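Residue numbers 157 to 254, in the authors' numbering, belong to the letters of the sequence shown in order.
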Amino acid sequence: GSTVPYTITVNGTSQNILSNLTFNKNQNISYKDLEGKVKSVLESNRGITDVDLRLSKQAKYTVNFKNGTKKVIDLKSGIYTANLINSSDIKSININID
């Protein structure tokens, strides 16, 4: 549907990941949904597993919206905001591990 650019930065690596996540256009998704997509590329691109996220000092991602607002999420947390956000409002995502 739509392509959302993202980066993955890890304190244990000089070279950062720069790629695109695919979403269905104009679809409402939860932060739990977004977590699944973020965790998948973390494991595929950097070999960072759920175990590694738990063992990290800090694991988070920032969703930047087209209107200039943003939301920072702690990847270790199991508490999510009913947050239903629309896929088409996402501008970019920055993922950061320790």
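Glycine included, each C-beta is placed from N, C-alpha and C at the ideal position.
Apart from the 5 residues on each side of it in sequence, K213 sits with its Cβ closer than 6 Å to the Cβ of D254 in its chain, given in chain order.
Three or more Cβ pairs drawn from the segment 241–252 and the segment 158–172 lie within less than 8 Å of each other, which places the two stretches in contact. Residue nearest to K195 within the set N182, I185, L209 is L209 (criterion: CA-CA distance). By the 16-neighbour rule on beta-carbons within 10 angstroms, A215 is buried. Here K222 has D245, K247 as same chain residues with Cβ atoms under 6 Å from its own Cβ, once five neighbours each way along the sequence are excluded. The C-alpha of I251 is placed about 5 Å away from the C-alpha of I164.
For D208, the secondary structure class from DSSP, reduced to helix, strand or coil, is helix. In the DSSP assignment, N220 falls within the beta strand (DSSP E) that extends over 215–221.
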